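Shown below, as structure tokens, is a lone chain in the form deposited in one PDB entry; questions about how it binds or moves come after it.
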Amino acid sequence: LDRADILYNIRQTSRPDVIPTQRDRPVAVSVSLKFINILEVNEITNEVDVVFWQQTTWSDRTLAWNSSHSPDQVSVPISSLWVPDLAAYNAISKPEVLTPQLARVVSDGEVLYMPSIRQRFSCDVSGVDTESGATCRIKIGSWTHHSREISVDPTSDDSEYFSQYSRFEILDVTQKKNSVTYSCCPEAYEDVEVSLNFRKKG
């Protein structure tokens, strides 16, 4: 197969509306935030404007092809793929996607989608101008798929991609798995809670 054939096959048989569950197990989605910038912070309103790369991976076996005498990977527009319906629970703006909306598909059906996103959050900005800094928690999970359909799991240097030119610096990033069960319903919705410990540079 060449790239043309693989991309034709994916475009022609793409069920972007269909979660690729295998044998009634959840789709395992990995999410890791790489912080790139902290642009605007307001300690009065507890609001932050952040840029991050959202490293997102999952398997869709319907995409897989025999890689013998074929490309190992192709770039696919996300409009031709099922993508997890991830939302930031404490976002106060729509995600501004700064990058081309393409994912990488490996011949085994692994998908890697890593958009650069600028987004505003409601989180704890208290202590931002102190030595110990602020801890801003960002929660990202499936909007409509509970734990039997989508599982979310966290997956380098926290500041490896962070802009040296930000007014802020990163002290620590932790990414941990949470679940919310709401009063209305019995099902749990999984999220990654990303704790961004940062401060204003002196």
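In this text, residue numbers run from 1 along the sequence as written. Rigid core here is just the name for the largest C-alpha set that superposes within 1.5 Å across the two forms.
One more form of this protein should be noted, the form deposited in another entry, which is absent from this view; the next part is about it.
> Can you tell which residue in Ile117, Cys123, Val111, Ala88 has its CA shifted by 2 Å or more between the shown form and the other one when the core is superposed?
Result of the superposition: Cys123 is the only one at 2 Å or more.
> Using a rigid core alignment, state whether the CA of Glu193 is displaced by 2 Å or more between the shown form and the other one.
Where the cores coincide, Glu193 shows only a C-alpha shift between the shown form and the other one that is less than 2 Å.
> Core-aligned, is the CA shift for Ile19 between the shown form and the other one 2 angstroms or more?
No, its C-alpha moves less than 2 Å.
> Using a superposition on the rigid core, decide whether the Cα position of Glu169 changes by 2 angstroms or more between the shown form and the other one.
After core superposition, the displacement of the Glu169 C-alpha between the shown form and the other one stays below 2 Å, so no.
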